[PDB]
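> can you look at this? It's an experimental structure, sequence on top.
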Amino acid sequence: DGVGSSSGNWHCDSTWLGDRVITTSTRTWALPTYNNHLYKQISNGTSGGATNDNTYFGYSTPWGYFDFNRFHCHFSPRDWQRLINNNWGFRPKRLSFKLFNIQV
Amino acid sequence: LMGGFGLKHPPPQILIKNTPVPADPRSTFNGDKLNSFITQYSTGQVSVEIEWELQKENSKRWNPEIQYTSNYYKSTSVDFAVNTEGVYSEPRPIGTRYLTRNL
């Protein structure tokens, strides 16, 4: 696996087998540099126009994170229709995650 | 042409009849056929069971389909149920064609 070979393939599909369904999604992402590689103290307080309810103290990092935690990530509108018209319930079982074809 | 499955050998037709029971005849022989019978009728139960083969839909369409559904709004009676008098009715004809396929 060098610079001239791809490290993965595009998988977007859904498979309905009996009592289970498997969804798979592929997307393209872009990751910037955040903060200029720095950790930074952040805060908000009542000294400004902020009311006491909105105050906070924390940190922003130079890191990104992945979020797949919405349903439209995993279901097409037609797949969601098959689910809700035919079934009394559903729950998640297991997941797989891949990150591939990286270029800097 | 009314729609359906054409069959060279369709399900066979089933014939049923009450057997005639003669009323008391004369005590001296006559050769004419007997025209006098006891009045009868019969009742019972009938069962029929059909196995159907299904063709599953396999489609990459992104957007949702058209479906047959029941009306959401309030109503004086339920569709496909009995009324106050005990009469069962069918409100509308229902066809078979909702899902789509490429031509």
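Everything's here; your move. Numbering: from 1, shown residues only, chains lettered A, B, ... in the order given.
> who in chain A is up against chain B?
Contact residues, chain A versus chain B (C-beta under 8 Å from any C-beta of the partner chain): A:76, A:77, A:78, A:80, A:81, A:85. Using the backbone N, CA and C atoms, a C-beta is placed for each residue, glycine as well.
> just among those, which is most surrounded?
Among these, residue A:76 has the most neighbours (other C-beta atoms under 10 Å in any protein chain shown), with 18 neighbours.
> isn't that one up against residue A:12?
No - here residue A:76 lies out of contact with residue A:12, judged by C-beta atoms under 8 Å, at a distance of 9.1 Å.
> residue contacts, the closest residue to residue A:71 other than its chain neighbours?
Counting by C-beta to C-beta, 6 or more residues apart in numbering or on different chains, residue A:71 lies nearest to residue A:80, which is 7.2 Å off, once chain neighbours are set aside. Going by C-beta atoms under 8 Å, 6 or more residues apart in numbering or on different chains, residue A:80 touches A:71, A:72, B:64.
> got it, and residue A:97?
Contacts of residue A:97 (C-beta under 8 Å, 6+ apart): residue A:66.
> for it, helix, strand, or coil?
With DSSP: H, G, I helix; E, B strand; the rest coil as the basis, residue A:97 sits in coil.
> the one 4 residues further on now?
Recorded secondary structure, residue A:101: coil (three-state DSSP).
> so how far is residue A:2 from it?
Note on residue A:101: its distance to residue A:2, by C-beta to C-beta, to the nearest Å, is 13 Å.
> more crowded one of the two?
residue A:101 (11 against 4).
> surely the more buried one is in contact with residue A:6?
Yes - counting by C-beta under 8 Å, residue A:101 touches residue A:6, with 5.7 Å between them.
> quick check: phi and psi at residue A:83.
Torsion angles at residue A:83 (phi, psi; degrees, to the nearest 10) stand at phi -70, psi -50.
> what's the closest non-adjacent residue to it?
residue A:90 (6.5 Å).
> can you tell me the element that neighbour falls in?
Counting by DSSP states H and E, no helix or strand carries residue A:90.
> how many neighbours does it have?
Neighbour tally, residue A:90, other C-beta under 10 Å: 10.
> name the residue of chain B that lies nearest to chain A.
Proximity of chain B to chain A (C-beta to the nearest C-beta) peaks at residue B:64, 4.6 Å away.
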